[PDB]
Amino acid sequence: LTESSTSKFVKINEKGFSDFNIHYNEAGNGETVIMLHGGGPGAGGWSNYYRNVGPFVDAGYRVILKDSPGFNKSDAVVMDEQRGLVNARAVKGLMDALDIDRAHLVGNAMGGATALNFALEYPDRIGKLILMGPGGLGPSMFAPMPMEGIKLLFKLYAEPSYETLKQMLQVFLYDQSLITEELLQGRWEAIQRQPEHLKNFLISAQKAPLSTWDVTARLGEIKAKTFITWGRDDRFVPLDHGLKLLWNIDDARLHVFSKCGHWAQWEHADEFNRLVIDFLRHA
């Protein structure tokens, strides 16, 4: 499986989206799992999930790594509403266009917020819900906010550079020795290729601050079986929000990885894959 060989585009039409181009990477043919990426500069479906797509497809799933609006090879957009909800509308437009009735969701950070809004807005269109450090869930009980990683992500958005990209990647990972020239170069390419995405994200953040993303009050509505994952060492989204979700969602469990940065799906790919596949199969 490669980015090139899985790469697809589809036009969506859904509340506020008109003939809007969505890029995604797709493989496999069984039950659909849509994976949704974080909101850092250069983020995209393949970049965030290339260690997971293979094992999920081997397990029998149809995997769609979606580029959210205003990221990677999806169309540029300036959003005046909180991104979780707008992104969720885009997931529904994608599913409608592809004739997918129900999907399991996997969401990292901004993608976790997307997945939560999707589950809230379209409960008949979701299977299982998998959340990896979901963002926007209001204040932490322990962590000063904005968190260290979020500050760096905004710095990179405003002043993109390879050095600042490196710094950010150093804070994303517990084990900085895992940061290869290849990982850096790939993220830098997504940044260099679509500078407008960076400008638009900052404009959107002024229109709809992070507090507007907080869906905490509605967590009780979620009936999807939910699997919450967190890196113990996540410097981007606070560990105690893993507990907030576990207490507020009806059917949830929480798995926390030791020696693990924000990207549990990448830094602990093997264990992440086995747990999530098991959950999809047996929970």
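When you see a residue number, it is the position in the sequence shown, counting from 1.
Comparing 137 to 145 with 98 to 106, the stretch with the higher mean C-alpha B-factor in the PDB entry is 98 to 106.
The stretch 53 to 61 shows the higher mean C-alpha B-factor when 53 to 61 is compared against 232 to 240 in the entry. Taking the PDB entry at face value, the top CA B factor among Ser74, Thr114, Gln176, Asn200 belongs to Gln176. Sorting the modelled residues of the chain by their CA temperature factor places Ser204 in the middle third. Ranked by C-alpha B-factor against the other modelled residues of its chain, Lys92 falls in the lowest third. When the modelled residues of the chain are ordered by C-alpha B-factor, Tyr162 sits in the highest third.
Sorting the modelled residues of the chain by their CA temperature factor places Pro123 in the middle third. Ranked within its chain, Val276 lands in the lowest third, by CA B factor from the PDB record.
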